[PDB]
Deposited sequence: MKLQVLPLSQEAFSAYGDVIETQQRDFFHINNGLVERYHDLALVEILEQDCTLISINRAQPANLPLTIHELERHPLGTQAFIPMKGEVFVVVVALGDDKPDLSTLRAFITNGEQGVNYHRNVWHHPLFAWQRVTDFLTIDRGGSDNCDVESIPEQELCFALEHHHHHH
């Protein structure tokens, strides 16, 4: 199944989570504070931990066949050296709702925070080893397979 990879934007991503970036975002003059870019929510009396995931770059062509989700907590990933990366998300209360399945490629100035219970693909890098500043709990996530998806970058 062809899965088109489109540019990431807050507008297109809003139903899946928050896009962490400064472009055209409101800020307070203090230092310029670009506030409330993402809301971290971790329940089940779990801790909110900061980590770094060093991911190897994946090579084209890319195919996926499963998605994971964190039912009781959000998960944020922010590249540490301006790297571009790819994300795949889907909604769905008990399983991925294919009509909402989408893929996005960042612009190098963005991070993401997946809302709780939102389906996404395990972390992987693009074109180069990337260190992702990670904010989540701390494996207690749900794993569900989906029909093979062929990510498409052209067009």
Spell out the unmodelled ranges of the deposited sequence for me, N- to C-terminal, numbering from the first residue. 31-34, 143-144, 162-168
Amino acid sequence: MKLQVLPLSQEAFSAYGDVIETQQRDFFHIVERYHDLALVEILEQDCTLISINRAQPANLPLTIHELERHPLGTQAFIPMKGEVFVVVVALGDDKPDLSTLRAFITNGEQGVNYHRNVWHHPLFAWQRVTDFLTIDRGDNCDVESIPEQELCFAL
From here on, numbers count along this sequence of modelled residues.
Got a sec? Mean C-alpha B-factor, which is higher, 45-53 or 91-99? 91-99
Could you settle it for me: does 17-25 or 142-150 have the higher average Cα B factor in the PDB entry? 142-150
Out of 33, 115, 121, 128, which shows the largest CA B-factor listed in the entry? 128
Please place residue 6 in the lowest, middle or highest third of its chain according to the CA B-factor in the PDB entry. middle
Chain thirds of CA B-factor: placement of residue 60: highest
Lowest, middle or highest third of the chain for the C-alpha temperature factor of residue 73? middle
